[PDB]
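Chains Z, Y, D and A supply the protein sequences, listed in that same order.
Here the first sequence is numbered in my numbering, starting from 488 and rising by one per residue.
Here the second sequence is numbered in my numbering, starting from 523 and rising by one per residue.
Here the third sequence is numbered in my numbering, starting from 35 and rising by one per residue.
Here the fourth sequence is numbered in my numbering, starting from 61 and rising by one per residue.
Every residue gets a Cβ at the ideal spot worked out from N, C-alpha and C, and that includes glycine.
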Amino acid sequence: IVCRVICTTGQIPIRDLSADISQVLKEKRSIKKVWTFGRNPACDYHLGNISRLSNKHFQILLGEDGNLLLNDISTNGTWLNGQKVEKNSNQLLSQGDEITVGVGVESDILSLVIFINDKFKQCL
Amino acid sequence: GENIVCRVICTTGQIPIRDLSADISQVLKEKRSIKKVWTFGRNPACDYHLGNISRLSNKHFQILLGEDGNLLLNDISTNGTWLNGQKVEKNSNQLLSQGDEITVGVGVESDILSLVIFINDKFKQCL
Amino acid sequence: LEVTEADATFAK
Amino acid sequence: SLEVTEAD
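Structure follows, in structure tokens:
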């Protein structure tokens with residue numbers, strides 16, 4: 488387990504994101520794994536059927552050094568710790584970071600806090 | 523309870539986010555070294571209710587606000603309190619840091635309740 | 035494949 | 061409830 492996603496706004500139960508460590512070192516590309524967050528149920532993490540959220544809304548990327556990056560690819564925006572991030576621009580995530588989507592319509596707001604499993608980096 | 527001292531996020535699902543607060547003005551008035559105490563326990567009289575779990579103590583652990591704004595953990599329980607995976611010595615103050623994980627219930631998987639603390643550095647500066 | 039509803043005048 | 065804690 489790489490990290491736990493805690494949805495603070497109540498729409499989604501606790502979910503953990505995983506990645507086989509042996510195979511992660513077997514891979515060459517500077518980006519080891521990608522988890523997609525979006526309205527499309529094919530995504531790794533489903534954000535729910537909220538029309539203003541993108542089918543593929545944001546990505547969390549596992550870098551070569553056990554680090555996690557946030558990448559926004561949405562139409563309406565992604566917020567990190569209360570600030571709208573630049574689209575298509577990798578942002579390094581830190582423990583307890585809060586990722587918010589749906590800003591602009593109260594009924595659509597969804598906030599998620601990331602809890603990183605330090606045991607995973609150490610296995611790296 | 524005017525300003526936010528820290529945010530407590532439960533990672534195991536039982537409890538929503540809760541903030542611990544204090545009023546700097548009333549804190550300045552306290553003559554003792556510990557300026558405010560928040561108690562965590564099974565007794566709902568506590569500041570932070572851990573739930574009706576029989577292995578948790580009525581008053582289980584306390585977080586102490588020190589004279590310069592340090593946050594200290596003190597275990598006062600029967601069955602123990604864990605800090606970053608390690609069982610702490612009972613009644614031995616531990617200086618807390620950003621992102622520290624405080625856990626109770628260890629020993630019965632189903633009873634594990636874990637909390638992560640985020641400290642408001644601005645409150646400390648202001649104090 | 036339902037296309038996203040886009041913020042326009044009130045986009046952030 | 062407030063009963064004496066169950067001791068391990």
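Minimum Cβ-Cβ distance from Z/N568 to chain D less than 8 Å = no
Between the CA atoms of Y/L595 and Z/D605 - distance to the nearest angstrom = 22 Å
Would Y/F640 pass as a contact of Y/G621 if the rule is Cβ separation under 8 Å?
-> yes
Is it buried or exposed for D/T43, if we count other Cβ within 10 angstroms and need 16 for buried?
-> exposed
Take Z/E593 as the anchor and find which of Z/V489, Z/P528, Z/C490 and Z/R539 has the nearest alpha-carbon.
-> Z/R539
Can you round the beta-carbon distance between Y/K553 and Y/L587 to whole angstroms, since I take them to be within the 8 Å contact cut?
-> Contact doesn't hold; Cβ gap of about 14 Å is too wide.
What does Z/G591 reach in chain D if we use C-beta pairs closer than 9 Å?
-> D41, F44, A45 and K46
Helix, strand or coil at Y/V549 [DSSP, three-state] | helix
Are Y/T534 and A/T65 close, meaning C-beta to C-beta below 8 Å?
-> no
Straight-line Cα distance separating Y/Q608 from Z/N575 | 40 Å
Say whether chain A places a C-beta atom closer than 8 Å to the C-beta of Y/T625.
-> Under the Cβ distance rule, Y/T625 does not count among the residues neighbouring chain A, no pair being separated by less than 8 Å.
Assigned secondary structure, Y/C532 (DSSP; H/G/I helix, E/B strand, else coil) | Three-state result, Y/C532: strand.
Taking the continuous beta strand (DSSP E) assigned at Z/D559, which residues delimit it?
-> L555 to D559
Sort out for me which residues DSSP pairs Z/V521 with in a bridge.
-> Z/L548
Within chain Z, the residues that Y/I531 reaches when beta carbons sit closer than 9 Å = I493, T495, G583, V600 and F602
Between the CA atoms of Z/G564 and Y/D541 - distance to the nearest angstrom = 28 Å
Residues of chain D with a CB under 8 Å from the CB of Z/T562: which are they?
-> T38, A40 and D41
Buried or exposed for Y/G591, please, with buried defined as at least 16 other CB atoms from any protein chain shown within 10 angstroms of its CB.
-> buried
Are the beta-carbon atoms of Z/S509 and Z/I488 separated by less than 8 Å?
-> no
Measure the alpha-carbon distance for Z/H544 versus Y/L550 and round it to whole angstroms.
-> 47 Å
Chain Z contact for Y/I539 (CB, 8 Å cutoff) | So, interface residue.
Quick one: grab the DSSP three-state call for Z/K571.
-> It is a strand residue.
DSSP three-state assignment for Y/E623, whether helix, strand or coil = strand
Continuous alpha helix (DSSP H) stretch holding Y/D643: start and end = Judged by DSSP secondary structure, Y/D643 falls within the alpha helix (DSSP H) whose first and last residues are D643 to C648.
When DSSP labels each residue in this structure, what does Z/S594 get in the three-state scheme?
-> helix
Roughly how many whole angstroms lie between the Cα atoms of A/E63 and Y/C532?
-> Pairing A/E63 with Y/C532, the inter-Cα distance amounts to about 25 Å.
Identity of the residue in Z/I537, Z/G535 and Z/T587 nearest Z/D559 by Cα = Here the closest residue by C-alpha is Z/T587.
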